[PDB]
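Take a look at this single chain, the form deposited in one PDB entry, given in structure tokens.
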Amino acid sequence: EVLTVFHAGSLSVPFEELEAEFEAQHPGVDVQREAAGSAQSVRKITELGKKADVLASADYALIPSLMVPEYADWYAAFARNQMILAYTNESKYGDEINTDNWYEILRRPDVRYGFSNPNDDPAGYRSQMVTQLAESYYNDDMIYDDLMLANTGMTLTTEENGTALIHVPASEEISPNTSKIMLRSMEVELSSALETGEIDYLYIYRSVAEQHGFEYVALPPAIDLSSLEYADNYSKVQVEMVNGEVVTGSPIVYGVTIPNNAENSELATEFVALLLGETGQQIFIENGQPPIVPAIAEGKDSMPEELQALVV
């Protein structure tokens, strides 16, 4: 039989490992994964009329926003990403750097750091969010100014409600000081630059750092966008992109559901049980995407009995 799984691209490595283990436990089963962007994966079900047994989004909130109640009765937040500061043995002051002093290292004139385009890449605007949130955490109101405002065409205003608003101009108008910053649209250019020592530090997800074998500084959960419990702190920063669209600091949390129109719901239950259980947990730990344990569910009383045992 066949199990159809639509998942976010960033879930590819762990879901590959899940496919292998699930097929090893279930001989006759053919797991057919489709990797795409999270919103695209959801739209396949909600707009294109495609049938999937499992839907996994890199933004859990897309499930209640777009699928509930017509296509989903429940969802579970099961893992997260986290913003880190990646480096290598070639990075200046790598021996010194830690969670307490990372921004002080970045302040040094000879240190160069990379981040993605904040207009086009979530990792890009997230680099700005994390840096701004650092100010309240470390009691230093010049971190964002020194690192970003002084070296780019990005600006900052304070909204009437106390929220920090970062303004990103046209990509060609960001015009970074290249002695301090490497800014790229394609993240692989930045990871390559870190590998060769062209940059010293790189704002990227933990998953990416671990995949490349980079060292990294773990950042406080209050600022690193990893934790559901710090959602109200993350929301204290917003980023306005050139087009006018505004994004808000929020947890980077993965969500899963079995769609209401799944063709093999019973088999889907067993797959999600593997994902939420000890096997899936370790797989996600190993890919730098820490699991939420137990997973946090909405619509728990509408979930299969087997899955209810695996959620809060």
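We number the residues from 1 along the sequence you see.
Just so it is clear, the following notes concern the form deposited in another entry, a form of the same protein that is not shown.
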item	value
One rigid part holds both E90 and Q211 between this form and the one not shown	yes
Closer or farther: C-alpha pair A218/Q281 in the other form, relative to this form, given a change of 3 Å or more	farther
Relative Cα spacing, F6 and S191, in the other form - shift of 3 Å or more	closer
